[PDB]
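Data file: final.pdb. Format and content: PDB, N, CA and C atoms.
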ATOM      1  N   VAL A 298      61.415  59.929 -85.460
ATOM      2  CA  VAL A 298      61.310  61.025 -86.422
ATOM      3  C   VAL A 298      61.248  62.330 -85.632
ATOM      4  N   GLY A 299      62.377  63.029 -85.555
ATOM      5  CA  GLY A 299      62.426  64.325 -84.890
ATOM      6  C   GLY A 299      62.138  64.289 -83.405
ATOM      7  N   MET A 300      62.691  63.304 -82.693
ATOM      8  CA  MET A 300      62.478  63.233 -81.250
ATOM      9  C   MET A 300      63.277  64.296 -80.507
ATOM     10  N   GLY A 301      64.538  64.484 -80.874
ATOM     11  CA  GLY A 301      65.429  65.357 -80.140
ATOM     12  C   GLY A 301      66.409  64.575 -79.281
ATOM     13  N   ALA A 302      67.382  65.309 -78.736
ATOM     14  CA  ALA A 302      68.458  64.674 -77.981
ATOM     15  C   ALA A 302      67.933  64.011 -76.711
ATOM     16  N   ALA A 303      67.152  64.746 -75.916
ATOM     17  CA  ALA A 303      66.676  64.211 -74.644
ATOM     18  C   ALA A 303      65.777  63.001 -74.853
ATOM     19  N   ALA A 304      64.885  63.067 -75.845
ATOM     20  CA  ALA A 304      64.024  61.927 -76.138
ATOM     21  C   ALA A 304      64.841  60.727 -76.596
ATOM     22  N   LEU A 305      65.883  60.964 -77.398
ATOM     23  CA  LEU A 305      66.744  59.868 -77.830
ATOM     24  C   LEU A 305      67.449  59.219 -76.647
ATOM     25  N   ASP A 306      67.961  60.028 -75.717
ATOM     26  CA  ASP A 306      68.615  59.469 -74.537
ATOM     27  C   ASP A 306      67.634  58.675 -73.684
ATOM     28  N   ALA A 307      66.417  59.197 -73.505
ATOM     29  CA  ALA A 307      65.412  58.469 -72.736
ATOM     30  C   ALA A 307      65.066  57.142 -73.400
ATOM     31  N   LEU A 308      64.913  57.148 -74.726
ATOM     32  CA  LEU A 308      64.616  55.916 -75.448
ATOM     33  C   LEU A 308      65.755  54.914 -75.320
ATOM     34  N   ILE A 309      66.999  55.388 -75.413
ATOM     35  CA  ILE A 309      68.149  54.498 -75.282
ATOM     36  C   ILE A 309      68.187  53.878 -73.892
ATOM     37  N   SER A 310      67.945  54.689 -72.859
ATOM     38  CA  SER A 310      67.943  54.169 -71.497
ATOM     39  C   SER A 310      66.833  53.144 -71.296
ATOM     40  N   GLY A 311      65.639  53.425 -71.822
ATOM     41  CA  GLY A 311      64.551  52.466 -71.707
ATOM     42  C   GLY A 311      64.843  51.164 -72.427
ATOM     43  N   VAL A 312      65.435  51.254 -73.621
ATOM     44  CA  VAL A 312      65.799  50.055 -74.369
ATOM     45  C   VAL A 312      66.830  49.242 -73.601
ATOM     46  N   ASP A 313      67.825  49.913 -73.015
ATOM     47  CA  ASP A 313      68.840  49.199 -72.247
ATOM     48  C   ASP A 313      68.226  48.526 -71.024
ATOM     49  N   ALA A 314      67.309  49.213 -70.338
ATOM     50  CA  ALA A 314      66.662  48.612 -69.176
ATOM     51  C   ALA A 314      65.839  47.391 -69.572
ATOM     52  N   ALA A 315      65.107  47.487 -70.685
ATOM     53  CA  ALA A 315      64.349  46.338 -71.170
ATOM     54  C   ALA A 315      65.277  45.187 -71.534
ATOM     55  N   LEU A 316      66.415  45.497 -72.160
ATOM     56  CA  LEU A 316      67.389  44.464 -72.496
ATOM     57  C   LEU A 316      67.926  43.786 -71.244
ATOM     58  N   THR A 317      68.209  44.567 -70.199
ATOM     59  CA  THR A 317      68.698  43.988 -68.952
ATOM     60  C   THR A 317      67.652  43.076 -68.319
ATOM     61  N   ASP A 318      66.396  43.525 -68.282
ATOM     62  CA  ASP A 318      65.335  42.698 -67.711
ATOM     63  C   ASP A 318      65.149  41.411 -68.505
ATOM     64  N   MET A 319      65.202  41.502 -69.833
ATOM     65  CA  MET A 319      64.988  40.321 -70.662
ATOM     66  C   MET A 319      66.181  39.372 -70.596
ATOM     67  N   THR A 320      67.390  39.910 -70.413
ATOM     68  CA  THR A 320      68.548  39.063 -70.150
ATOM     69  C   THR A 320      68.401  38.331 -68.822
ATOM     70  N   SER A 321      67.886  39.020 -67.800
ATOM     71  CA  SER A 321      67.615  38.351 -66.529
ATOM     72  C   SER A 321      66.582  37.245 -66.704
ATOM     73  N   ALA A 322      65.549  37.500 -67.509
ATOM     74  CA  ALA A 322      64.551  36.471 -67.786
ATOM     75  C   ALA A 322      65.170  35.275 -68.503
ATOM     76  N   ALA A 323      66.075  35.532 -69.451
ATOM     77  CA  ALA A 323      66.760  34.441 -70.137
ATOM     78  C   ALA A 323      67.609  33.627 -69.169
ATOM     79  N   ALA A 324      68.302  34.302 -68.251
ATOM     80  CA  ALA A 324      69.081  33.591 -67.242
ATOM     81  C   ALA A 324      68.179  32.742 -66.353
ATOM     82  N   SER A 325      67.016  33.280 -65.979
ATOM     83  CA  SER A 325      66.061  32.505 -65.194
ATOM     84  C   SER A 325      65.591  31.274 -65.960
ATOM     85  N   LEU A 326      65.318  31.429 -67.258
ATOM     86  CA  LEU A 326      64.898  30.290 -68.070
ATOM     87  C   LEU A 326      65.993  29.232 -68.148
ATOM     88  N   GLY A 327      67.245  29.662 -68.301
ATOM     89  CA  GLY A 327      68.346  28.710 -68.297
ATOM     90  C   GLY A 327      68.468  27.976 -66.976
ATOM     91  N   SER A 328      68.278  28.695 -65.867
ATOM     92  CA  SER A 328      68.297  28.051 -64.558
ATOM     93  C   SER A 328      67.173  27.032 -64.431
ATOM     94  N   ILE A 329      65.986  27.366 -64.945
ATOM     95  CA  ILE A 329      64.875  26.418 -64.923
ATOM     96  C   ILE A 329      65.220  25.177 -65.733
ATOM     97  N   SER A 330      65.831  25.361 -66.906
ATOM     98  CA  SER A 330      66.203  24.215 -67.732
ATOM     99  C   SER A 330      67.219  23.327 -67.022
ATOM    100  N   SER A 331      68.206  23.939 -66.364
ATOM    101  CA  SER A 331      69.178  23.159 -65.603
ATOM    102  C   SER A 331      68.500  22.391 -64.475
ATOM    103  N   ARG A 332      67.556  23.034 -63.783
ATOM    104  CA  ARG A 332      66.827  22.349 -62.721
ATOM    105  C   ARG A 332      66.015  21.188 -63.276
ATOM    106  N   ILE A 333      65.431  21.360 -64.464
ATOM    107  CA  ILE A 333      64.694  20.271 -65.103
ATOM    108  C   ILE A 333      65.621  19.103 -65.408
ATOM    109  N   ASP A 334      66.817  19.388 -65.924
ATOM    110  CA  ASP A 334      67.760  18.313 -66.226
ATOM    111  C   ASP A 334      68.160  17.564 -64.958
ATOM    112  N   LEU A 335      68.453  18.308 -63.888
ATOM    113  CA  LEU A 335      68.808  17.671 -62.622
ATOM    114  C   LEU A 335      67.651  16.846 -62.074
ATOM    115  N   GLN A 336      66.431  17.373 -62.161
ATOM    116  CA  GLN A 336      65.270  16.623 -61.698
ATOM    117  C   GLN A 336      65.091  15.349 -62.510
ATOM    118  N   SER A 337      65.338  15.419 -63.818
ATOM    119  CA  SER A 337      65.217  14.236 -64.661
ATOM    120  C   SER A 337      66.210  13.163 -64.245
ATOM    121  N   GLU A 338      67.477  13.543 -64.051
ATOM    122  CA  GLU A 338      68.460  12.519 -63.707
ATOM    123  C   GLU A 338      68.201  11.965 -62.310
ATOM    124  N   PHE A 339      67.762  12.817 -61.376
ATOM    125  CA  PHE A 339      67.434  12.333 -60.039
ATOM    126  C   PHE A 339      66.236  11.392 -60.063
ATOM    127  N   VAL A 340      65.222  11.702 -60.873
ATOM    128  CA  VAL A 340      64.054  10.831 -60.968
ATOM    129  C   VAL A 340      64.440   9.495 -61.585
ATOM    130  N   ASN A 341      65.315   9.519 -62.594
ATOM    131  CA  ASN A 341      65.796   8.267 -63.170
ATOM    132  C   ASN A 341      66.539   7.437 -62.133
ATOM    133  N   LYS A 342      67.404   8.079 -61.341
ATOM    134  CA  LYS A 342      68.129   7.357 -60.299
ATOM    135  C   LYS A 342      67.178   6.784 -59.254
ATOM    136  N   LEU A 343      66.170   7.562 -58.852
ATOM    137  CA  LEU A 343      65.215   7.086 -57.857
ATOM    138  C   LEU A 343      64.403   5.912 -58.386
ATOM    139  N   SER A 344      63.978   5.983 -59.649
ATOM    140  CA  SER A 344      63.253   4.869 -60.250
ATOM    141  C   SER A 344      64.131   3.630 -60.333
ATOM    142  N   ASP A 345      65.408   3.810 -60.678
ATOM    143  CA  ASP A 345      66.330   2.680 -60.714
ATOM    144  C   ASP A 345      66.484   2.054 -59.334
ATOM    145  N   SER A 346      66.618   2.886 -58.299
ATOM    146  CA  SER A 346      66.747   2.367 -56.941
ATOM    147  C   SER A 346      65.490   1.624 -56.510
TER     148      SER A 346
ATOM    149  N   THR B  51      77.055  39.028 -72.159
ATOM    150  CA  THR B  51      76.053  39.585 -73.065
ATOM    151  C   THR B  51      75.979  41.102 -72.941
ATOM    152  N   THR B  52      76.006  41.612 -71.707
ATOM    153  CA  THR B  52      75.992  43.057 -71.510
ATOM    154  C   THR B  52      77.213  43.705 -72.149
ATOM    155  N   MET B  53      78.383  43.083 -71.998
ATOM    156  CA  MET B  53      79.586  43.665 -72.577
ATOM    157  C   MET B  53      79.584  43.568 -74.097
ATOM    158  N   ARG B  54      78.982  42.519 -74.662
ATOM    159  CA  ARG B  54      78.830  42.453 -76.113
ATOM    160  C   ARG B  54      77.926  43.569 -76.620
ATOM    161  N   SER B  55      76.830  43.834 -75.905
ATOM    162  CA  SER B  55      75.964  44.949 -76.278
ATOM    163  C   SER B  55      76.715  46.274 -76.202
ATOM    164  N   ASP B  56      77.511  46.457 -75.147
ATOM    165  CA  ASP B  56      78.313  47.671 -75.032
ATOM    166  C   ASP B  56      79.338  47.768 -76.157
ATOM    167  N   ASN B  57      79.897  46.633 -76.580
ATOM    168  CA  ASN B  57      80.832  46.631 -77.700
ATOM    169  C   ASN B  57      80.148  47.052 -78.994
ATOM    170  N   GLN B  58      78.925  46.570 -79.221
ATOM    171  CA  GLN B  58      78.168  47.013 -80.389
ATOM    172  C   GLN B  58      77.914  48.514 -80.332
ATOM    173  N   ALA B  59      77.561  49.018 -79.148
ATOM    174  CA  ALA B  59      77.378  50.457 -78.986
ATOM    175  C   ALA B  59      78.666  51.213 -79.290
ATOM    176  N   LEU B  60      79.807  50.680 -78.845
ATOM    177  CA  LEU B  60      81.088  51.327 -79.116
ATOM    178  C   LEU B  60      81.406  51.329 -80.606
ATOM    179  N   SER B  61      81.047  50.259 -81.315
ATOM    180  CA  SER B  61      81.232  50.247 -82.765
ATOM    181  C   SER B  61      80.383  51.323 -83.432
ATOM    182  N   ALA B  62      79.137  51.478 -82.977
ATOM    183  CA  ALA B  62      78.298  52.554 -83.499
ATOM    184  C   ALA B  62      78.916  53.918 -83.212
ATOM    185  N   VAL B  63      79.470  54.091 -82.010
ATOM    186  CA  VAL B  63      80.136  55.343 -81.661
ATOM    187  C   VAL B  63      81.351  55.570 -82.551
ATOM    188  N   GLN B  64      82.061  54.499 -82.906
ATOM    189  CA  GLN B  64      83.195  54.629 -83.817
ATOM    190  C   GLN B  64      82.751  55.121 -85.187
ATOM    191  N   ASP B  65      81.653  54.566 -85.703
ATOM    192  CA  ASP B  65      81.130  55.043 -86.982
ATOM    193  C   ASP B  65      80.730  56.513 -86.896
ATOM    194  N   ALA B  66      80.060  56.895 -85.805
ATOM    195  CA  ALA B  66      79.677  58.292 -85.623
ATOM    196  C   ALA B  66      80.902  59.193 -85.522
ATOM    197  N   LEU B  67      81.957  58.712 -84.861
ATOM    198  CA  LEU B  67      83.192  59.480 -84.751
ATOM    199  C   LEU B  67      83.829  59.691 -86.115
ATOM    200  N   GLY B  68      83.828  58.657 -86.956
ATOM    201  CA  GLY B  68      84.334  58.827 -88.309
ATOM    202  C   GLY B  68      83.541  59.854 -89.096
ATOM    203  N   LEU B  69      82.212  59.793 -88.995
ATOM    204  CA  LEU B  69      81.372  60.769 -89.688
ATOM    205  C   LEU B  69      81.658  62.187 -89.199
ATOM    206  N   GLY B  70      81.760  62.360 -87.881
ATOM    207  CA  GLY B  70      82.046  63.675 -87.335
ATOM    208  C   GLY B  70      83.418  64.184 -87.728
ATOM    209  N   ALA B  71      84.404  63.286 -87.790
ATOM    210  CA  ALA B  71      85.735  63.677 -88.235
ATOM    211  C   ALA B  71      85.706  64.156 -89.678
ATOM    212  N   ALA B  72      84.949  63.466 -90.535
ATOM    213  CA  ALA B  72      84.807  63.926 -91.914
ATOM    214  C   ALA B  72      84.161  65.308 -91.970
ATOM    215  N   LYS B  73      83.110  65.519 -91.172
ATOM    216  CA  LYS B  73      82.443  66.820 -91.154
ATOM    217  C   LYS B  73      83.398  67.923 -90.711
ATOM    218  N   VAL B  74      84.162  67.666 -89.647
ATOM    219  CA  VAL B  74      85.092  68.665 -89.133
ATOM    220  C   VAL B  74      86.190  68.947 -90.148
ATOM    221  N   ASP B  75      86.669  67.911 -90.842
ATOM    222  CA  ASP B  75      87.693  68.118 -91.861
ATOM    223  C   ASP B  75      87.176  69.002 -92.990
ATOM    224  N   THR B  76      85.946  68.749 -93.449
ATOM    225  CA  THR B  76      85.373  69.589 -94.497
ATOM    226  C   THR B  76      85.222  71.032 -94.027
ATOM    227  N   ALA B  77      84.715  71.219 -92.805
ATOM    228  CA  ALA B  77      84.539  72.568 -92.277
ATOM    229  C   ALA B  77      85.876  73.286 -92.143
ATOM    230  N   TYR B  78      86.912  72.568 -91.711
ATOM    231  CA  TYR B  78      88.224  73.177 -91.521
ATOM    232  C   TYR B  78      88.870  73.542 -92.854
ATOM    233  N   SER B  79      88.680  72.710 -93.881
ATOM    234  CA  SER B  79      89.154  73.076 -95.213
ATOM    235  C   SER B  79      88.461  74.338 -95.712
ATOM    236  N   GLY B  80      87.140  74.416 -95.526
ATOM    237  CA  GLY B  80      86.433  75.636 -95.884
ATOM    238  C   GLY B  80      86.941  76.841 -95.115
ATOM    239  N   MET B  81      87.262  76.643 -93.834
ATOM    240  CA  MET B  81      87.798  77.726 -93.017
ATOM    241  C   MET B  81      89.141  78.212 -93.548
ATOM    242  N   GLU B  82      90.025  77.285 -93.929
ATOM    243  CA  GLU B  82      91.298  77.696 -94.520
ATOM    244  C   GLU B  82      91.083  78.485 -95.802
ATOM    245  N   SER B  83      90.164  78.026 -96.653
ATOM    246  CA  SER B  83      89.902  78.757 -97.889
ATOM    247  C   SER B  83      89.411  80.171 -97.594
ATOM    248  N   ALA B  84      88.490  80.305 -96.637
ATOM    249  CA  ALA B  84      87.977  81.624 -96.284
ATOM    250  C   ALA B  84      89.077  82.517 -95.725
ATOM    251  N   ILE B  85      89.949  81.958 -94.880
ATOM    252  CA  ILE B  85      91.033  82.746 -94.298
ATOM    253  C   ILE B  85      91.982  83.234 -95.384
ATOM    254  N   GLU B  86      92.325  82.363 -96.336
ATOM    255  CA  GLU B  86      93.210  82.778 -97.421
ATOM    256  C   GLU B  86      92.576  83.883 -98.258
ATOM    257  N   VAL B  87      91.287  83.745 -98.578
ATOM    258  CA  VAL B  87      90.626  84.766 -99.387
ATOM    259  C   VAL B  87      90.582  86.096 -98.641
ATOM    260  N   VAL B  88      90.288  86.061 -97.340
ATOM    261  CA  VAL B  88      90.216  87.299 -96.569
ATOM    262  C   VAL B  88      91.595  87.938 -96.440
ATOM    263  N   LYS B  89      92.643  87.121 -96.301
ATOM    264  CA  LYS B  89      93.998  87.662 -96.295
ATOM    265  C   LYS B  89      94.307  88.361 -97.612
ATOM    266  N   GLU B  90      93.886  87.760 -98.727
ATOM    267  CA  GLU B  90      94.073  88.402-100.025
ATOM    268  C   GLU B  90      93.316  89.726-100.092
ATOM    269  N   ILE B  91      92.096  89.755 -99.547
ATOM    270  CA  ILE B  91      91.306  90.988 -99.527
ATOM    271  C   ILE B  91      92.025  92.070 -98.732
ATOM    272  N   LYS B  92      92.553  91.702 -97.564
ATOM    273  CA  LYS B  92      93.257  92.667 -96.728
ATOM    274  C   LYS B  92      94.497  93.198 -97.433
ATOM    275  N   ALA B  93      95.235  92.317 -98.112
ATOM    276  CA  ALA B  93      96.401  92.759 -98.871
ATOM    277  C   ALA B  93      95.997  93.736 -99.968
ATOM    278  N   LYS B  94      94.911  93.430-100.682
ATOM    279  CA  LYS B  94      94.445  94.332-101.730
ATOM    280  C   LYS B  94      94.060  95.689-101.158
ATOM    281  N   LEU B  95      93.371  95.698-100.018
ATOM    282  CA  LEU B  95      92.915  96.964 -99.454
ATOM    283  C   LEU B  95      94.086  97.796 -98.939
ATOM    284  N   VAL B  96      95.055  97.156 -98.275
ATOM    285  CA  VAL B  96      96.203  97.907 -97.776
ATOM    286  C   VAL B  96      97.070  98.381 -98.936
ATOM    287  N   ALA B  97      97.032  97.681-100.072
ATOM    288  CA  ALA B  97      97.647  98.229-101.275
ATOM    289  C   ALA B  97      96.870  99.437-101.782
ATOM    290  N   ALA B  98      95.543  99.381-101.698
ATOM    291  CA  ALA B  98      94.674 100.430-102.217
ATOM    292  C   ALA B  98      94.580 101.647-101.309
ATOM    293  N   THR B  99      95.148 101.604-100.101
ATOM    294  CA  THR B  99      95.079 102.776 -99.230
ATOM    295  C   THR B  99      95.772 103.983 -99.854
TER     296      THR B  99
END

Would it be possible to restate this file's structure as structure tokens?
Amino acid sequence: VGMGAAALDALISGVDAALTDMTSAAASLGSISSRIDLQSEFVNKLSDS
Amino acid sequence: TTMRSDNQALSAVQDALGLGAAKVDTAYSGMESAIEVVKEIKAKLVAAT
């Protein structure tokens, strides 16, 4: 409500930075999930052996 | 994901561009009307000299 041009640009930049950080966090979570899947299949193979 | 976000931003910019084009068109129509009226005024005055 009545921020002005400079405040709007600062808010947009902050929102974009937060989006980038949270996208990085999502990528990290996906990597963790992939590592969990690999660990599961390796543990199954080791138990079978 | 970053490029999809940028695409959404570009769509918003497209909507803003349409709004601004409408504003400029209205202002330019008003400008033509004012120019025609002032030309008529000048013609009347040079007749009245």

Interface list for chain B, partner chain A, 12 Å threshold, only C-alpha atoms, as a PDB file with N, CA and C atoms, in the frame of the given file:
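For reference, result-v6.pdb as written:
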ATOM      1  N   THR B  51      77.055  39.028 -72.159  1.00  0.00           N
ATOM      2  CA  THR B  51      76.053  39.585 -73.065  1.00  0.00           C
ATOM      3  C   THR B  51      75.979  41.102 -72.941  1.00  0.00           C
ATOM      4  N   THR B  52      76.006  41.612 -71.707  1.00  0.00           N
ATOM      5  CA  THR B  52      75.992  43.057 -71.510  1.00  0.00           C
ATOM      6  C   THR B  52      77.213  43.705 -72.149  1.00  0.00           C
ATOM      7  N   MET B  53      78.383  43.083 -71.998  1.00  0.00           N
ATOM      8  CA  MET B  53      79.586  43.665 -72.577  1.00  0.00           C
ATOM      9  C   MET B  53      79.584  43.568 -74.097  1.00  0.00           C
ATOM     10  N   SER B  55      76.830  43.834 -75.905  1.00  0.00           N
ATOM     11  CA  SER B  55      75.964  44.949 -76.278  1.00  0.00           C
ATOM     12  C   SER B  55      76.715  46.274 -76.202  1.00  0.00           C
ATOM     13  N   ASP B  56      77.511  46.457 -75.147  1.00  0.00           N
ATOM     14  CA  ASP B  56      78.313  47.671 -75.032  1.00  0.00           C
ATOM     15  C   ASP B  56      79.338  47.768 -76.157  1.00  0.00           C
ATOM     16  N   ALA B  59      77.561  49.018 -79.148  1.00  0.00           N
ATOM     17  CA  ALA B  59      77.378  50.457 -78.986  1.00  0.00           C
ATOM     18  C   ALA B  59      78.666  51.213 -79.290  1.00  0.00           C
TER      19      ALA B  59
END

Discussion item. So the first atom is atom CA of residue A:319 and the second is atom N of residue B:63; what is the distance between them in Å, to one decimal place?
Written reply: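 A separation of 23.0 Å between them.
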
Worksheet item: atom CA of residue A:308 and atom CA of residue A:324 are how many Å apart?
Response: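 Atom-to-atom, atom CA of residue A:308 to atom CA of residue A:324, that is 24.2 Å.
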
Discussion item. What's the separation between atom CA of residue A:298 and atom N of residue A:310, in Å to one decimal place?
Written reply: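 Calculated distance between atom CA of residue A:298 and atom N of residue A:310 is 16.4 Å.
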
Please return the centre and edge lengths, in Å to one decimal, of a box with edges along x, y and z that contains all listed atoms of stretch 316-324 of chain A, widened by 4 Å on every side, as AutoDock Vina command-line options.
--center_x 66.8 --center_y 39.1 --center_z -69.4 --size_x 12.5 --size_y 20.8 --size_z 14.1
